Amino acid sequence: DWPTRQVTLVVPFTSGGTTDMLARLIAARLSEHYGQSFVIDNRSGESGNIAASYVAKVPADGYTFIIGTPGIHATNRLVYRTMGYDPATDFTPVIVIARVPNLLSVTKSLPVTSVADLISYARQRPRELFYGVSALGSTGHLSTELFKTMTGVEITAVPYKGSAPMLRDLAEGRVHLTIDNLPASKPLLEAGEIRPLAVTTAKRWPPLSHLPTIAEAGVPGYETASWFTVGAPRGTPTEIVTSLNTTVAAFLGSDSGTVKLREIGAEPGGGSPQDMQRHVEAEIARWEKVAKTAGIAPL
């Protein structure tokens, strides 16, 4: 009979970031399919640790899910000593929603138009400039620290509570540049409020096919990306996980769903619950190496 009443999707960041943008798309589609409201609960704090600690404790009845992030599943262990939950044991996978490029951008008043211009400008002014971090341990955060190690540039991190307040400060010039998820940055690109330099992925993003990759623009072998999930509390009934996976997978694999995701700067995910588990395990192992190379660890 599930669902017989309202379902909550817990989202670990405020609105105007990529996590909430994908959650709203999913919530609308699930609501229509099942005839019950799927509502969003924006529960910010500690790079998603407060949200994840909460969902780890709720009843495993199918009326609460987590919209997971690389932090919650893989990277927060690199910057936080204690987290309030154990991502390996406390959840059961549902599906990977999307794989998403990150984007290097600068504030308009910084007089640089390419990755090579940025590296020169910063090498001339070591330890003077500032960059925006959407959250401690985010793929943006670790992407910039890897870029720093691979190019020799010295620039100072300023953490924020999500992409939304960070990007407001980048538009004002209170930070000079960022690497962060494409969907959140794209409306600012299109309003001309920030200047895009390059994508972080191994291949160009086709709908912005004339922005180069960081690797082709001067940093050989550089590759990073972000991603987003639906997770359930340990013990959620198999029938419920399977139904929810099937419904989301149908949306993501549809022509119309693929178009909707790509228009906002995201590639559809899809696959099985165990495919999500494989992606999480690979990412744990790959980011732990990046963190060591870049000199990042928990205080």
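Numbers for residues come from their place in the sequence shown, where the first is 1.
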query	finding
Higher-B stretch (mean Cα B-factor, as the entry records it), 183-191 or 170-178	183-191
Of 103-111 and 70-78, the one with larger mean CA B-factor	103-111
Peak C-alpha temperature factor (PDB record), options 28, 50, 241, 266	28
Options 96, 153, 214, 136 - largest CA temperature factor per the record	153
Third of chain Cα B-factors occupied by residue 140	lowest
Ranked C-alpha temperature factor of residue 237 among modelled chain residues, by third	middle
Relative C-alpha B-factor of residue 8, binned into the chain's lowest, middle or highest third	middle
Chain thirds of CA B-factor: placement of residue 15	highest
Chain-wide C-alpha B factor ranking for residue 220, given as lowest, middle or highest third	middle
